[PDB]
């Protein structure tokens, strides 16, 4: 039993704190476009894309029933980037920065719920 308008109250500050990271969030504010980014093999590796805009729209439009689905999506987005990208690349490091932030934002919110 979980309602998605309280989930907005509860979880959106955590999402907002990822968007707040600048410039680290910018490669995550939109879906990965493999041709435009010059990474045509992206979907030979990643099979479930995720990004901040998809996560925000799902919060905004009730596609999250429980809060662990939001959490798993946020980790899917980061995992994808750690899976595809080189460890020395800026996008990898940006991923690790957002992940750090996300871990500290999300714990008290989830310990509450």
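For the two forms, the rigid core is made up of the largest set of C-alpha atoms that agree within 1.5 Å on superposition. Positions refer to the first chain, counted from 1.
Q: Once the rigid core is matched, which of the two stretches, 84 to 92 or 32 to 40, lies farther off on average in 8 other deposited structures of this protein by C-alpha?
A: This comes out as 32 to 40, the stretch further from the shown form in 8 other deposited structures of this protein.
Q: Could you check which stretch, 75 to 83 or 57 to 65, carries the larger mean CA temperature factor in the entry?
A: Comparing 75 to 83 with 57 to 65, the higher mean C-alpha B-factor belongs to 57 to 65.
Q: If you average the Cα B factors in the entry, which is higher, 66 to 74 or 30 to 38?
A: So the stretch with the higher mean C-alpha B-factor is 66 to 74.
Q: Ranking every modelled residue in this chain by its Cα temperature factor as given in the entry, which third contains residue 10?
A: Top third by C-alpha B-factor.
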